Amino acid sequence: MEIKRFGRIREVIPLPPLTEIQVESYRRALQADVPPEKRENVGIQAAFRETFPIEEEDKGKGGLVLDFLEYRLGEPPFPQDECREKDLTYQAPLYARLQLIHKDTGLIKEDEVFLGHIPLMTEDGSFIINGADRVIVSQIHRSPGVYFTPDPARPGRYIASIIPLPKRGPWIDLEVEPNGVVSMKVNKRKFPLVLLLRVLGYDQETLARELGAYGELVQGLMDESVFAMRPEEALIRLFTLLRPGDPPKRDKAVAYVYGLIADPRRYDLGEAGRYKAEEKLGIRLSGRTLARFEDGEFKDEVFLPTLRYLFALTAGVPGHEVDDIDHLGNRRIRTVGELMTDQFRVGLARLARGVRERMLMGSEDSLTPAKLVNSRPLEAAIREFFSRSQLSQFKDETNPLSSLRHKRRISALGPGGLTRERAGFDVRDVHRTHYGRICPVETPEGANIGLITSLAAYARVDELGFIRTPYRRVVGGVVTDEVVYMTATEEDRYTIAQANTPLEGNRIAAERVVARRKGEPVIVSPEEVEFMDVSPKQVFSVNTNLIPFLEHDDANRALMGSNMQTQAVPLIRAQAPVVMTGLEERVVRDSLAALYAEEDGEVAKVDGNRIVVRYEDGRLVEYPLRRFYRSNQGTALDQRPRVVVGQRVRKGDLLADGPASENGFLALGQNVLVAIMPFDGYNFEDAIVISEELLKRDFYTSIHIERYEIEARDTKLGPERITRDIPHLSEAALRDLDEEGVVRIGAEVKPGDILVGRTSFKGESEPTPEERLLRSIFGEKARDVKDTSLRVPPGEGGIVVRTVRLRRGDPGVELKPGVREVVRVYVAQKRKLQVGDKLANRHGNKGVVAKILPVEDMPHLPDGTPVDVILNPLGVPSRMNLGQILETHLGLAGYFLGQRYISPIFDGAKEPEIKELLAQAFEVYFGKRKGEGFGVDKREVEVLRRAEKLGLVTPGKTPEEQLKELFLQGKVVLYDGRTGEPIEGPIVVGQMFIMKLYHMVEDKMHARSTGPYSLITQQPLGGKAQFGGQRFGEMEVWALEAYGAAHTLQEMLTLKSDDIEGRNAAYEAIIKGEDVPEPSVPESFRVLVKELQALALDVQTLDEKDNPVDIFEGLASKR
């Protein structure tokens, strides 16, 4: 096979490390690989320094100084796989150096205290919390700064906002309502903007003239002069303004709080907050946030500039001071590291809280180790974030691509501080700045609609979570190969152009060429083009980039296509698309599906379980291959060796293929020849007709594994024994229960077979009088033990492949309390494609198999080769994704030309280039036909007749020539298969890639006859083996109500769900073939009446004449 790739836009730079976000964030987060000497001090070390110097001075005796030296964590308790076999949280041990000082001679240094076991990251970027690999999804929010937004209801003038995160930490607003008041609010109630400047030292005269000479608003400032005439007294006066009934005297205490340390922030001095400053408003910052504690007299280079800019914003063009909040230079992305560092610091505070109490509890000086440190907080805290945070979830590894995406996805629903469930509608939409920074497709149509999405191609989190998107520079009419990752904000200052601009190299080629200033499409000139787009790829996400001709598909349906791939299941037979975009390679590679060769060398052994290669460096290493592992969602992950024995390997070449790779290429589902016409009704709205032949070959077939588990619980009635003993009826069911108790590996288990046996006790506390007689009659001596045995749940099982049992003397495992022992049973099964299944191409055409046709009679081409699947055309006009029809065509060429292609995103193949390849295909198709010995059918000629009358072929040309034309159009003649006659009119056909979608647990069609019932609510409930009833909602009630369905609705409310006495007599009646009984009162009704009686109210039903009647049959009358 050969590869031909069409578009030419010089791809200047390789895509970045896809999991860089997850990997590097945790790198900077926990800087543990490098000594405390190394400078990166953010994250852990930062959070540590933040709360370590615990100064506790006076109330009794103090002068406490506990100081941090160096943070070191290094020897993991156990390893990865052992952490999955056994329930274990892969976490590194950490204990930093600590030394507490004394006001008396002595400083005790108790070196280590290991508090907090913090999880580690896998080399791919995923975690391992408890058994399941988990992932921490990034988030978005208002980057702590100051903005000015238009006022709420009064059309008049807008107000100022100062945003300080963490939560604890004031939230300021400056608003002027001139009849006599100005408003500045910290927690809530407002006060004067000048009483404060006065406090700091700004007097009426110097203030008003320098700041607002150009600003008449200065008059509101010098207004209440009575108080402006006393400096430091203004300090006490504002204190007075706050409200508790506090001591007037507190020298410089609260001013400190809004001064240097806590409330304002320790975000790195320099670029954290001072960036939002010098560019947006005001020039300097002395001390991180408005901070100072040297003379008692505070300095505030921030309090005056904010007003300075409000006087400026309100008075003209110092610049145009309006902040579009959604500008990404305002909305920041929280990489993993930050998310963990914050929970780590929260724990540090919980820790430092308890320690303070113990600076008073310890008797004399030996209080360094246990007296100050308790590991209970940090454990619960960080543990809670990895197992319970709404943000970290099961790794979605249906197929690698999936998990990769789930690792990079961004969420709102988080801290609660940033964006909750209320809407913020504007945020949900795809903002202008989302360019190269977020996929415009990447959003879950439905409930949580704009609140989530995975990021883009070249998108990278620079220093602080600001997705900078790359844009290359173009000085004059010259375009460069240099790139600038720009902030959202700066992007608007320049005139940027799209990549589609005809380029000669550094030369722009057309005078009137498109560019877009700031969210506005603008036809600019080559001389104005300041910057240019990097690529068509950076615009979207990975998951999306994988789509062929994205260019021709409605952005709405292209979403479906992207989410579809996230639902792709690994087939034992994985093939790459006949037509690819170009990243399939990089996907499998950057994801960790296939195994690549470190350095050059030769191959030694090629097992089905290992490839021990020999590098030319004089070394050889064994490369195990995850034979058959269980993915979180139950898909097979096997590495099939692609290298033979003794082979010189290039550095970075596929030794084995990942779960779904063919040859280092991503491959899901399989390329199948497909006709695109209507069949009877088999493909009616969105139904798919499939050729039986597809099953003959093991084409769409997938291996699944479910993990049934049972426990031996300790009841006070007697331990539940796990034995081959199944008390009541046969040995026939005990065969596969070979091992005494457990089931034998390799045994075929059907629904209702014993997977594992167990024996618990009969009653709650007492034996049975009636059951006493029966046992005695045929065999008194009857093991009173109950059959509580894990059985195959309806639905399906396969053949047991592995089993695990953990008994009494536990190795290094965690058995829950009461839990005597556990028994796992891994079962595997081959899933061959069937009518229930759903398959869908990358474009979005989704559909279910409705009929598997015998190759005998499905559409067949002139040469005996028949089509595998017949897709309905109707599904194409409405939806707008011609891309699939473009794929099919290139596919046809690749079938006869025996070649695969790579059509980039928007630069790819072009309609003429394809008509070209089709022209070559015509000779392979029909050229052989010529030589093989035959010409054209009566049929082939006949469909030509109807085709020229149609208008597909130039009348007057020879059939040979006419068919070429007809072929180039992408359609060929097809005969029925059932009749052998032709299908009037050419029909297109070709090689379209189609994947098979994963079957959810719901897919296991749930059918329930009778079963359990809830304890307080008496409505049907399922769980383990009984399916659980379907819900009959109001919307459905009305449906019946509309109909004359009286009884049928009664039934739905009585006999079927709540009529306690009803459902019982119901069953029994049915059992005897009795026309079911007439409904008794529903328990929902009785539950109610009583609920109602619980409250004073008395609800009594009445008769024809206002008289009693009785709902509660006979249990309410007394005694």
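Below is a summary of the structure that appears in this document.

### A few points about the overall build of the protein
Then step 1. Counting secondary structure elements, the protein contains 29 helices and 49 strands.
Then step 2. By principal-axis analysis of the C-alpha atoms, the protein measures approximately 105 × 100 × 90 Å.
Then step 3. Among the 1119 residues that make up the protein, the fraction classed as buried is 46%.
Then step 4. Put simply, of all contacts in the protein between residues at least 6 apart along the chain, 67% involve residues at least 24 apart.
Then step 5. Total accessible area on the protein stands at roughly 60000 Å², and carbon and sulfur atoms take up 53% of it.

### What about the sheet that holds strand 15 (residues 331-334)?
Then step 1. If you trace the four strands from one edge of the open sheet to the other, you get 15-9-17-18, paired in mixed fashion. The open sheet has two edge strands with one neighbour each: strand 15 and strand 18 (452-454). The average undirected angle you get between the axes of adjacent strands in this sheet is 30 degrees.
Then step 2. The sheet contact formed by strand 9 (residues 138-142) and strand 17 (residues 409-411) spans two bridges and is parallel. When the bridges of strand 17 are listed, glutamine 139 appears paired with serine 411.

### Here's the deal with the pattern of salt bridges
Then step 1. Overall, the coordinates contain 63 salt bridges when judged by the stated rule.
Then step 2. One salt bridge connects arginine 802 with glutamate 85, and the closest N-O pair in it is separated by 3.2 Å. Of this pair, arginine 802 sits in strand 42 (residues 799-806) while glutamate 85 sits in helix 3 (residues 80-85); the two residues are 717 residues apart in sequence, bridging distant segments of the chain.
Then step 3. Judged by its relative accessible area of 42%, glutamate 85 is partly exposed.
Then step 4. Between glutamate 731 and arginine 724 there is a salt bridge, with the nearest N and O atoms lying 3.5 Å from each other.
Then step 5. Among the residues examined, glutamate 731 registers a relative accessible area of 44% and is labelled partly exposed.
Then step 6. Via salt bridges that share partners, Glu50, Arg332, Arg334, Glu338, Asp342 and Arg345 belong to a single interconnected network.

### Some points on the pairing of strand 12 (residues 172-177)
Then step 1. Inspection of the sheet shows strand 11 (residues 159-162) paired to strand 12 by three bridges, in the antiparallel sense. Residue pairing in the sheet places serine 161 in a bridge with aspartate 173 of strand 12.
Then step 2. Two strands pair when backbone bridges link them, and strand 12 and strand 13 (residues 181-185) are joined in this way by four bridges, in the antiparallel orientation. Its bridge partner being in strand 13, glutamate 175 is matched across the sheet by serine 183.

### With respect to the sheet that holds strand 42
Then step 1. Taken in spatial order, the three strands make up an open sheet running 37-43-42, and their pairing is antiparallel. In this open sheet, the two edge strands, each paired with only one partner strand, are strand 37 (701-713) and strand 42. Strand-to-strand twist of the sheet, defined as the mean angle between neighbouring strand axes without regard to direction, takes the value 15 degrees.
Then step 2. Relative to strand 43 (residues 819-832), strand 42 runs antiparallel, the two sharing seven bridges. Bridge assignment links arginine 805 to a residue of strand 43, and that residue is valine 823.

### A short note on the environment of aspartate 653
Then step 1. Along the chain, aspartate 653 falls in the loop between strand 33 (640-641) and strand 34 (654-657).
Then step 2. For the pair formed by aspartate 653 and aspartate 600, sequence separation is 53 residues and the distance between their alpha carbons is 9.1 Å.
Then step 3. Excluding residues that lie within four positions of it along the chain, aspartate 653 makes contacts with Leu595, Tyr596 and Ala597.

### What about the packing of helix 2 (residues 43-51) against helix 12 (residues 336-361)?
Then step 1. Between helix 2 and helix 12, the least distance of the axes is 9 Å, while the angle of their chain directions is 25 degrees. Classified by the interaxial angle, the pair formed by helix 2 and helix 12 is roughly parallel. Taken as a pair, helix 2 and helix 12 cross one another with a handedness that is right-handed. On the side of helix 2, the interface is formed by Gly43, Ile44, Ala47, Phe48, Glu50 and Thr51, while helix 12 contributes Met340, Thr341, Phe344, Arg345, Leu348, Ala349 and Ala352.

### Here's the deal with empty space enclosed by the protein
Then step 1. Tallied over the full model, the rule gives 16 cavities of 30 Å³ or more.
Then step 2. Lining of the largest cavity is provided by 23 residues; of these, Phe48, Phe52, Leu98, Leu348 and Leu351 occupy positions nearest its centre.
Then step 3. Broken down by secondary-structure element, the contributors of at least two residues to the lining of the largest cavity are helix 2 and helix 12.
Then step 4. Looking at the second largest cavity, its volume works out to about 80 Å³.
Then step 5. In terms of lining residues, the second largest cavity is bounded by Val569, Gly634, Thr635, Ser702, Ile703, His704, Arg831, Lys996, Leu997, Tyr998 and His999.
Then step 6. When residues of the lining of the second largest cavity are assigned to their parent elements, the largest contribution, three residues, is made by strand 37.
Then step 7. Looking at the lining of the second largest cavity residue by residue, the class counts come to four nonpolar, five polar and two charged.

### A look at the packing of aromatic side chains
Then step 1. Here the structure, examined in full by the defined rule, presents 23 aromatic pairs.
Then step 2. A ring pair is formed by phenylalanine 48 and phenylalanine 344, whose centres lie 5.9 Å apart and whose planes are at 15 degrees; its orientation type is stacked. Here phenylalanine 48 is found in helix 2, whereas its partner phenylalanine 344 is found in helix 12, with 296 residues between them in sequence.
Then step 3. When its relative accessible area of 1% is taken as the criterion, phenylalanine 344 is described as buried.
Then step 4. An aromatic cluster is built from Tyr895, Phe896, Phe922, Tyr925, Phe926 and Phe967, whose rings are joined through pairwise contacts.
Then step 5. It is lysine 4 that lies over the ring of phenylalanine 6; its NZ or CZ is 5.5 Å from the centre.
Then step 6. Seen from the ring of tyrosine 485, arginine 460 lies directly overhead, with NZ or CZ sitting 4.9 Å from the centre.

### Some details on the environment of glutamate 1061
Then step 1. Looking at where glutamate 1061 falls in the secondary structure, it is placed in helix 28 (residues 1060-1071).
Then step 2. A C-alpha to C-alpha distance of 63 Å links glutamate 1061 and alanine 457, two positions 604 residues apart in sequence.

### Brief notes about a negative patch on the surface
Then step 1. Together, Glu598, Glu599, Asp600 and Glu616 give the surface a local cluster of negative charge.
Then step 2. Looking at where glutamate 616 falls in the secondary structure, it is placed in the loop between strand 29 (611-615) and strand 30 (619-621).

### Here we look at the side chain of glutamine 899
Then step 1. Following the sequence through the fold, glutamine 899 ends up in strand 47 (residues 899-902).
Then step 2. Residues in contact with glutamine 899, not counting those within four places in the same chain, are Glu2, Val578, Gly894, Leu917 and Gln920.

### A few points about the pairing of strand 43
Then step 1. In the sheet, strand 37 pairs with strand 43 via 13 bridges, with the strands oriented antiparallel. Note on strand 43: the bridge partner recorded for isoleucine 703 is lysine 830.

### Describing unusual backbone geometry
Then step 1. Going from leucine 165 to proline 166, the amide bond is cis rather than trans, its omega being 0 degrees.
Then step 2. Note that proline 166 resides in the loop between strand 11 and strand 12.
Then step 3. For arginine 1119, which is not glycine, the phi torsion reads 85 degrees and is therefore positive.
Then step 4. Mapped onto the elements, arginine 1119 comes out in the segment after helix 29 (1083-1094).

### Examining the environment of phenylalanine 6
Then step 1. For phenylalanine 6, the position within the fold is in the loop between strand 1 (2-5) and helix 1 (20-29).
Then step 2. Given a relative accessible area of 11%, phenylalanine 6 falls into the buried group.
Then step 3. On a C-alpha basis, the gap between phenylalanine 6 and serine 903 in space is 6.3 Å, while along the polypeptide they are 897 residues apart.
Then step 4. When sequence neighbours within four positions are dropped, the list of residues in contact with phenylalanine 6 reads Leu890, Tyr901, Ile902, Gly908, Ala909, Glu913 and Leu917.

### Topic: helix 5 (residues 204-212)
Then step 1. Of all the positions in helix 5, only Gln204, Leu207, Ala208, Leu211 and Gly212 are classed as buried. Seen end-on, helix 5 carries its buried residues on one side only, within an arc spanning 95 degrees. Relative to its buried face, helix 5 has exposed residues pointing more than 90 degrees away, namely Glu205 and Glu210.
Then step 2. If you follow the buried residues of helix 5, they end up packed against helix 4 (193-200), helix 6 (218-221), helix 7 (225-228) and helix 11 (303-314).

Basis of the calculations
- Residues numbered from 1 in each chain as written, not as in the entry; some residues may be left out.
- Part of a larger assembly, values for the part shown.
- Heavy atoms only, no water.
- Helix = DSSP H or I, 4+ residues; strand = E, 2+ residues; numbered from the N terminus.
- Buried < 20%, exposed > 50% of the residue type's maximum accessible area, 1.4 Å probe, protein only.
- Contact = heavy atoms within 4.5 Å.
- Areas by Shrake-Rupley, 256 points an atom, 1.4 Å probe, with all protein chains shown as cover.
- Pairing = 2+ DSSP bridges.
- Axes fitted to C-alpha atoms, helices over the stretch in contact; angles between N-to-C directions.
- Salt bridge = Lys/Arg side-chain N within 4 Å of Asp/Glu carboxyl O.
- Parallel < 35°, antiparallel > 145°, perpendicular 65-115°, else oblique.
- Left-handed = near helix turned anticlockwise from the far one by under 90°.
- 1 Å grid on protein atoms, 1.4 Å probe; cavity = no way out; pocket = protein on both sides within 12 Å on 5 of 7 lines; lining within 4 Å.
- Points joined across faces, edges and corners; volume = space filled by probe spheres on them.
- Nonpolar A, V, L, I, M, F, W, Y, C, P; charged D, E, K, R; others polar.
- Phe/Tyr/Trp six-rings, centres within 6.5 Å; stacked < 30°, edge-to-face > 60°.
- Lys NZ or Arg CZ within 6 Å of the ring centre and 35° of its normal.
- Patch = residues over 30% accessible without salt bridge, like charges linked within 9 Å, V, L, I, M, F, W, Y side chains within 5 Å.
- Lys, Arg positive; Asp, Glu negative; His and termini not counted.
- Charge placed at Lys NZ, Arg CZ, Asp CG, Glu CD.
- Arc of directions from axis to C-beta.

Function cannot be read off these values alone, since they describe shape.
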